[PDB]
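Chemist: Protein chains in written order, with PDB author numbering: chain C, 25 to 544, 660 to 797; chain D, 146 to 289; chain B, 146 to 289.
Ideal Cβ placement from N, Cα and C applies to all residues, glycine included.
Below you'll find the structure I mean.
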Amino acid sequence: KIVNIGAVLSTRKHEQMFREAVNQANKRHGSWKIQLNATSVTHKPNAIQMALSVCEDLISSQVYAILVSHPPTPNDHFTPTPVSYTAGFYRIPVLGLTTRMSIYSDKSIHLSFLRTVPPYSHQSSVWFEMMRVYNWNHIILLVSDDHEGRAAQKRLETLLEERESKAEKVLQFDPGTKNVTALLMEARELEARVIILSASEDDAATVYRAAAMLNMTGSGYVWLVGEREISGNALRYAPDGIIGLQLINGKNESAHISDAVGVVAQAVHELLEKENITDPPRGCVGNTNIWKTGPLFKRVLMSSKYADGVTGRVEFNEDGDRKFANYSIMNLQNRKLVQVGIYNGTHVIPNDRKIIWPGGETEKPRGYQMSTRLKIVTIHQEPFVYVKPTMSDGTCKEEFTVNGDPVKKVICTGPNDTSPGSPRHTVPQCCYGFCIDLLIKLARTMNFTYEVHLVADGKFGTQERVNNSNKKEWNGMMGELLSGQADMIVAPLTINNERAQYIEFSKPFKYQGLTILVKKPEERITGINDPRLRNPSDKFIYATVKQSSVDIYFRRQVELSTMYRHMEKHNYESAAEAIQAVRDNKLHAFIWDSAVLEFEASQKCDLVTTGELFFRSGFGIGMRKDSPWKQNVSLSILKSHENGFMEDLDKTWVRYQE
Amino acid sequence: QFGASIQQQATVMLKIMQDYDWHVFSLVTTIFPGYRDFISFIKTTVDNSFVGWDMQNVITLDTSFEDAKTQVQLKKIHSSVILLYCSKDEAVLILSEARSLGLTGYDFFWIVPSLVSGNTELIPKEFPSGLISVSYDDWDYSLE
Amino acid sequence: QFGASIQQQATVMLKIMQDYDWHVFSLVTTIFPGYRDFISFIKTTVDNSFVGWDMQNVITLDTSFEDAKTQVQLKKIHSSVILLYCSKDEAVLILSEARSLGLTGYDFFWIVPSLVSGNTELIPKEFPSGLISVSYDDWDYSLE
Numbered sequence: 025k026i027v028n029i030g031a032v033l034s035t036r037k038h039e040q041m042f043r044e045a046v047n048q049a050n051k052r053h054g055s056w057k058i059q060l061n062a063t064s065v066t067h068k069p070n071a072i073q074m075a076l077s078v079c080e081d082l083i084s085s086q087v088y089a090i091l092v093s094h095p096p097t098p099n100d101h102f103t104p105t106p107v108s109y110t111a112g113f114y115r116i117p118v119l120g121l122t123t124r125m126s127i128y129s130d131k132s133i134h135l136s137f138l139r140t141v142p143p144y145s146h147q148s149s150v151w152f153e154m155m156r157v158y159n160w161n162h163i164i165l166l167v168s169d170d171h172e173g174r175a176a177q178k179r180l181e182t183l184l185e186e187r188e189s190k191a192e193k194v195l196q197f198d199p200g201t202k203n204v205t206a207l208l209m210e211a212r213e214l215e216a217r218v219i220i221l222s223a224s225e226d227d228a229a230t231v232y233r234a235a236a237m238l239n240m241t242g243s244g245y246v247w248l249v250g251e252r253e254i255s256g257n258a259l260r261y262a263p264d265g266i267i268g269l270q271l272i273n274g275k276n277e278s279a280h281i282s283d284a285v286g287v288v289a290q291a292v293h294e295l296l297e298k299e300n301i302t303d304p305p306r307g308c309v310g311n312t313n314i315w316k317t318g319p320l321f322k323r324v325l326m327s328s329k330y331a332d333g334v335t336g337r338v339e340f341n342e343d344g345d346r347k348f349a350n351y352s353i354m355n356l357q358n359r360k361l362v363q364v365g366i367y368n369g370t371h372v373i374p375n376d377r378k379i380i381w382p383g384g385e386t387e388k389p390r391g392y393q394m395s396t397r398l399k400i401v402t403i404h405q406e407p408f409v410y411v412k413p414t415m416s417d418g419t420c421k422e423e424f425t426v427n428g429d430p431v432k433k434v435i436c437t438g439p440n441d442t443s444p445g446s447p448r449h450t451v452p453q454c455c456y457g458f459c460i461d462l463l464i465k466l467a468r469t470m471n472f473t474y475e476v477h478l479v480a481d482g483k484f485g486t487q488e489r490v491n492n493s494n495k496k497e498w499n500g501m502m503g504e505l506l507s508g509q510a511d512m513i514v515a516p517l518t519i520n521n522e523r524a525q526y527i528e529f530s531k532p533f534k535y536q537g538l539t540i541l542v543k544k660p661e662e663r664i665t666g667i668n669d670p671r672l673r674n675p676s677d678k679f680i681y682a683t684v685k686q687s688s689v690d691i692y693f694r695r696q697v698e699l700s701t702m703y704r705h706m707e708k709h710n711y712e713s714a715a716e717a718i719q720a721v722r723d724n725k726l727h728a729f730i731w732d733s734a735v736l737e738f739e740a741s742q743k744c745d746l747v748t749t750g751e752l753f754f755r756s757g758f759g760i761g762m763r764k765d766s767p768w769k770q771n772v773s774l775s776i777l778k779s780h781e782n783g784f785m786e787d788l789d790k791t792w793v794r795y796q797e
Numbered sequence: 146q147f148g149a150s151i152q153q154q155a156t157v158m159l160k161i162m163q164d165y166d167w168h169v170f171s172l173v174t175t176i177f178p179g180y181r182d183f184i185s186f187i188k189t190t191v192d193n194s195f196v197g198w199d200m201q202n203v204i205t206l207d208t209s210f211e212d213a214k215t216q217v218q219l220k221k222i223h224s225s226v227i228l229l230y231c232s233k234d235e236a237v238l239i240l241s242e243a244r245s246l247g248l249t250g251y252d253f254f255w256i257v258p259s260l261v262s263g264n265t266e267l268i269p270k271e272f273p274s275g276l277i278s279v280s281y282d283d284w285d286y287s288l289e
Numbered sequence: 146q147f148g149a150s151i152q153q154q155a156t157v158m159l160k161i162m163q164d165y166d167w168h169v170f171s172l173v174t175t176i177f178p179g180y181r182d183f184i185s186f187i188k189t190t191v192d193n194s195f196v197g198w199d200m201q202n203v204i205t206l207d208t209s210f211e212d213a214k215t216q217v218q219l220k221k222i223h224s225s226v227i228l229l230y231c232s233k234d235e236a237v238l239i240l241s242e243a244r245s246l247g248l249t250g251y252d253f254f255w256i257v258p259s260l261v262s263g264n265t266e267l268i269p270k271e272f273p274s275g276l277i278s279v280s281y282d283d284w285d286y287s288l289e
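Here it is in structure tokens:
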């Protein structure tokens, strides 16, 4: 007829308040014959013998609830873990009250741990409420604590599942280092300014000093931190105008103890109304039998619904967290904490105080500034991308064409040869041609600067297994684009269904098919329907560029596996290698696009194309995902389609013959 | 530890599914902890495998099943291979509902991990004869 | 008596299906008597039609359903038009089971005979709004 409650509490005044709450718990519950005893223990500066003393004292006491209520501990470990593990050996609920670590959220590790405080990842949902208010989509994540970093990434993907957007940059590294400013500058070069930080006080002060020295706290830079990042020297190193969070009664222990007493008391009076009552045995000596109503009492604690307390509607979810939590939103106005918002369990309301930002006006700074210098990457296409070495030092010889058109070149940067050939030789040379004039037309239509560089290899990019952990990766232009080093691929991109699933496409500027390059008895082949090419031999030598989209289009064709097995022994690096090889009469056929070989037939009369025209497709501009550089650029491309500028580009290279 | 984690075990089970061309499958996840890492590992493995897995959407749970709202999600299942991540006392009720809903047919498969499959002696009669399990408990190599 | 028969009503319902080109359908028959003549009349009508109907196999019920073996035949239903022949008492359970299956969709039509269509006043809440029925109940021509 007795119920024992164990507690690890230090101060005698709060012990007296705890005993007073135990005494007042039996007030409104009638004259029932249940009794409530409480046993509180102090704290030795160690942790092993503390765990020993507490575990054998609570075995000898046979308690039902175990409480740890020590915020101001000098050790920064904050580990009530061993007593919770010892109670989880017999499945006894330990109600943690102080810490908010995400390692306690794992119920597979902490089998019988409950708590009335949520982890900080739920604050990101509050920050998602910022996304419900300030209408901001692209974020920049920075988490140093990797024990909670996977849970923060999980919660972030759970929040972004609704809008189906993507985080622009995520970062995880070892806490303790200092040279993280390179990734800060890489995030600075991005369009967004939203900064989400999840670390301890030392790394927060380190990144505050790094943003202060590099002036990343100017206009438009969105800063959004929590309670751990506004304490200690991080509060001293914080810039003025930063927005932070505050836990209402997060450190106020006296009402929190009474709330915990009310929760435990109503849980015990709920459990007394049901059958199958079991008791914890004397597990110190000769008792390893588990307490059989562990998950039963846990299920009692799952449906615990309350209506008493100064905090309010305390309620457990499936994770045993805190529902309907009042939060405060603070601002740092001239090294002074100024309250600028309140938060109920679903909605943010700013108070009568104004919101003064570190940048300009008091309204929200739209920190989504698009890149005025679009990084352009391309492959060396032979009739389209002419690359010429410089004359004296980084210069371009301004030669004139035969039609009175001056060639407007650009200073591009490119490697010299392949990686076994050239170890490291990347020089700036002169790029011009077809798509360069297309980019000149785009820069004439819309005012934006650019940065033309070249892809490191001579491949488009295929979907290949990386050599560890069985993961798909891309390479080439797609590998340089998806890594964030490139912005817009201006190249004759072969449009297919696989790449449409991953990135968005624009309107095609080129429209052509496929053809066969031969040299001039049947000297022609007339397409794929030659039966000798269905079952080839060592005579008809035909191949294509290694890691090309033509090979992917043939890989989708499940009825031409013989050509896929035949052409893999003769794939070359570039198409010019195939031109030189068939120039020496070593090749016999080559599947390639139409107008390139038409221009090369206009250059060299021995180069002969075939008669058929299959795979009538289009080539456009390689693009990113949903972006404001899509609609206006596509309208500019269609404006180039409707006028005679396509005919002008034909007059430059296509219509011009010899 | 000298053991085998659930991630490498999921890798081995998806290797089994790749070696059998069992590409049309499903996934039922309960409230047993360590489950979102399992879902995310399945998502990354499907995104990094040459199969292109035809995966049915995840049947999620909230509590012990009322057989009212979980019934609709279980009646969405029409695929053969069924994956599950739960505890044993949950799996008894899951297999009882699956036999009650007829999900234990000859076409339908059931692959469970080693954490739900406990003692070799304690086998309740509600288990389907043909239950696929993967555990590193090798009787050929003793403790010595 | 007057009016049509069940065979002429089946002819009218197949004329409805012919006028709308709903050629992909099924047939679900319960243990209400006169059912083998109904199935044979449908077979001879498809065999005497200019359509070339796509008829799925006949789902035959046995008793009050355990929702174990009948659900296997109900999950085989991939067609659009569902043809049901039963009484008024079993129709509530069949429509509730089909709603639990999710087989009461927008493309999943339901055409019922006249005898299951009972009282105009007594309408249970398990009827889909759009339930197709055929009966000789004409209000424009009275008894006189």
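With three or more beta-carbon pairs closer than 8 Å as the criterion, would you say the region 123-137 of chain C touches the region 172-186 of chain C?
Modeler: Yes: at least three Cβ pairs fall under 8 Å.
Chemist: Could you give the DSSP three-state label for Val735/C: helix, strand or coil?
Modeler: The count along the first sequence starts at 1 and reaches residue 735/C at position 596. If DSSP states are grouped into helix, strand and coil, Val735/C belongs with the helices.
Chemist: Taking just the CA atoms, how far does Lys188/B sit from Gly247/D?
Modeler: Residue 247/D sits at position 102 when you count from the first residue of the second sequence. Residue 188/B sits at position 43 when you count from the first residue of the third sequence. Between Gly247/D and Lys188/B, the C-alpha separation is close to 30 Å.
Chemist: Start and end of the alpha helix (DSSP H) containing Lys465/C?
Modeler: Along the first sequence, one-based indexing puts residue 465/C at 441. That run of the alpha helix (DSSP H) goes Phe458 to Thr469.
Chemist: Below 8 Å between beta carbons: does that hold for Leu295/C and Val324/C?
Modeler: As a first step, residue 295/C must be located in the first sequence, where it is residue number 271. As a first step, residue 324/C must be located in the first sequence, where it is residue number 300. Result yes, Cβ atoms of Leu295/C and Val324/C sit closer than 8 Å.
Chemist: Using the Cβ count rule (16 or more neighbours within 10 Å means buried), how would you classify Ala243/B?
Modeler: As a working mapping, residue 243/B is identified with position 98 in the third sequence. Looking at its Cβ environment, which holds 16 or more other Cβ atoms inside 10 Å, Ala243/B is buried.
Chemist: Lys214/B touches chain D at which residues, Cβ-Cβ below 9 Å?
Modeler: In the third sequence, residue 214/B corresponds to position 69, counting from 1. Result: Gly247.
Chemist: At a CB-CB cut-off below 8 Å, which residues of chain B make contact with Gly250/D?
Modeler: Indexing the second sequence from 1 puts residue 250/D at position 105. In chain order: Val217.
Chemist: What would DSSP say about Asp199/D, mapped onto helix, strand or coil?
Modeler: On the second sequence, residue 199/D is found 54 positions in, with the first residue counted as 1. Correct three-state label for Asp199/D: strand.
Chemist: If distances are taken between C-alpha atoms only, which option among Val309/C, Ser224/C, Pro305/C and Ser328/C comes closest to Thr317/C?
Modeler: As a first step, residue 317/C must be located in the first sequence, where it is residue number 293. The candidate whose alpha carbon is nearest that of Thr317/C is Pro305/C.
Chemist: Between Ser150/D and chain C, is there a C-beta pair that is closer than 8 Å?
Modeler: Against the second sequence, residue 150/D aligns to sequence position 5. Chain C, which has no Cβ nearer than 8 Å to the Cβ of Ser150/D, makes this no.
Chemist: Mind checking which residues open and close the alpha helix (DSSP H) that includes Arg212/C?
Modeler: Position 188 of the first sequence holds residue 212/C. Its alpha helix (DSSP H) spans residues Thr205 to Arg212.
Chemist: Of all the beta strand (DSSP E) runs that stay within the bounds of the region 254-342 of chain C, which reach a length of 3 or more residues?
Modeler: Runs found: 267-271.
Chemist: By the criterion of Cβ-Cβ separation under 7 Å, what are the contact partners of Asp192/D in chain C?
Modeler: As a first step, residue 192/D is located in the second sequence; it is residue number 47 there, counting from the start. Going along chain C in sequence order, the residues near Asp192/D (Cβ under 7 Å) are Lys496.
Chemist: Are the beta-carbon atoms of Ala284/C and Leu121/C separated by less than 8 Å?
Modeler: By one-based count along the first sequence, residue 284/C stands at place 260. By one-based count along the first sequence, residue 121/C stands at place 97. Yes.
Chemist: Counting only beta-carbon atoms, is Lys221/D nearer than 8 Å to chain B?
Modeler: Counting from 1 along the second sequence, the entry for residue 221/D is found at position 76. Yes, its Cβ sits closer than 8 Å to a Cβ of chain B.
Chemist: Just the C-alpha distance for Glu707/C and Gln686/C, rounded to the nearest angstrom, thanks.
Modeler: Locating residue 707/C in the first sequence gives position 568, where the first residue counts as 1. Locating residue 686/C in the first sequence gives position 547, where the first residue counts as 1. Roughly 10 Å separates the two Cα atoms.
Chemist: Please report the residue range of the beta strand (DSSP E) in which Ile163/C lies.
Modeler: Start at 1 with the first residue of the first sequence, and residue 163/C comes out as number 139. Run containing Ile163/C: none; DSSP gives neither H nor E here.
Chemist: Kindly list, in the order they appear in chain C, the residues whose Cβ is closer than 7 Å to that of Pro178/D.
Modeler: On the second sequence, position 33 is the one that residue 178/D refers to. Per Cβ cutoff of 7 Å: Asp130, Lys131 and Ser132.
Chemist: Check for me: the beta strand (DSSP E) holding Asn61/C runs from which residue to which?
Modeler: Within the first sequence, numbered from 1, the residue matching residue 61/C stands at position 37. Residues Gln59 to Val65.
Chemist: Output the distance between the C-alpha atoms of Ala176/C and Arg181/D, rounded to the nearest integer angstrom.
Modeler: Here residue 176/C refers to the residue found at position 152 of the first sequence. Here residue 181/D refers to the residue found at position 36 of the second sequence. Those two C-alpha atoms are separated by around 12 Å.
Chemist: Check whether the region 150-158 of chain B and the region 166-175 of chain B are in contact - that is, three or more C-beta pairs closer than 8 Å.
Modeler: Touching, no, given that fewer than three Cβ pairs across the two stretches are closer than 8 Å.
Chemist: Consult DSSP for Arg346/C and reduce its assignment to one of helix, strand or coil.
Modeler: The residue given as residue 346/C occupies position 322 in the first sequence. If DSSP states are grouped into helix, strand and coil, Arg346/C belongs with coil.
Chemist: I'd like to know whether the C-beta atoms of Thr701/C and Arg663/C end up nearer to each other than 8 Å.
Modeler: Working through the first sequence from its first residue, we reach residue 701/C at position 562. Working through the first sequence from its first residue, we reach residue 663/C at position 524. No, Cβ-Cβ distance for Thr701/C and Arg663/C is not below 8 Å.
Chemist: Sorted by chain position, which residues of the same chain lie with C-beta nearer than 8 Å to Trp151/C's C-beta, five sequence neighbours on each side aside?
Modeler: In the first sequence, the residue the question calls residue 151/C occupies position 127. These residues qualify, in order along the chain: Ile220 and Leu248.
Chemist: Report the CB separation of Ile163/C from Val218/C in whole angstroms; it is logged as a contact under 8 Å.
Modeler: To locate residue 163/C, count along the first sequence from 1; it is residue 139. To locate residue 218/C, count along the first sequence from 1; it is residue 194. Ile163/C to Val218/C, Cβ: 4 Å. Contact.
Chemist: Check whether the Cβ of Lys347/C lies closer than 8 Å to any Cβ atom in chain D.
Modeler: Taking the first sequence and counting its residues from 1, one reaches residue 347/C at position 323. With 8 Å as the cut-off, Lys347/C does not count as an interface residue toward chain D.
Chemist: Within 8 Å, do at least three Cβ pairs link the region 524-537 of chain C to the region 715-728 of chain C?
Modeler: Short answer: they don't touch.
Chemist: Let me see if you follow: with CB-CB separation under 8 Å, is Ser185/D close to chain C or not?
Modeler: By one-based count along the second sequence, residue 185/D stands at place 40. True, the Cβ-Cβ gap to chain C drops below 8 Å.
Chemist: Between the C-alpha atoms of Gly365/C and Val372/C, what's the straight-line distance to the nearest angstrom?
Modeler: Position 341 of the first sequence holds residue 365/C. Position 348 of the first sequence holds residue 372/C. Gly365/C and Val372/C: Cα-Cα distance of roughly 7 Å.
Chemist: Using a Cβ-Cβ cut-off of 8 Å, state whether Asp285/D counts as contacting chain C.
Modeler: The residue you call residue 285/D lines up with position 140 of the second sequence. Not one chain C Cβ lies under 8 Å of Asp285/D.
Chemist: From what residue to what residue does the beta strand (DSSP E) around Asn355/C run?
Modeler: By 1-based counting over the first sequence, the position of residue 355/C is 331. From DSSP, the beta strand (DSSP E) with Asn355/C extends over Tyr351 to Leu356.
Chemist: Let me see if you follow: with CB-CB separation under 8 Å, is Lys178/C close to chain D or not?
Modeler: Start at 1 with the first residue of the first sequence, and residue 178/C comes out as number 154. Yes, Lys178/C lies at the interface with chain D (some Cβ there is under 8 Å from its Cβ).
Chemist: Is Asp164/D close to chain C, meaning its C-beta is less than 8 Å from at least one C-beta of that chain?
Modeler: Locating residue 164/D in the second sequence gives position 19, where the first residue counts as 1. No - not a single Cβ of chain C is within 8 Å of the one on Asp164/D.
Chemist: Of all the CB atoms in chain C, is at least one closer than 8 Å to the CB of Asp207/D?
Modeler: By one-based count along the second sequence, residue 207/D stands at place 62. Answer yes: the Cβ-Cβ gap between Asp207/D and chain C drops below 8 Å somewhere.
Chemist: Could you check if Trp56/C is buried or exposed, using at least 16 other CB atoms within 10 Å of its CB as the buried criterion?
Modeler: The residue given as residue 56/C occupies position 32 in the first sequence. Classification for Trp56/C: exposed.
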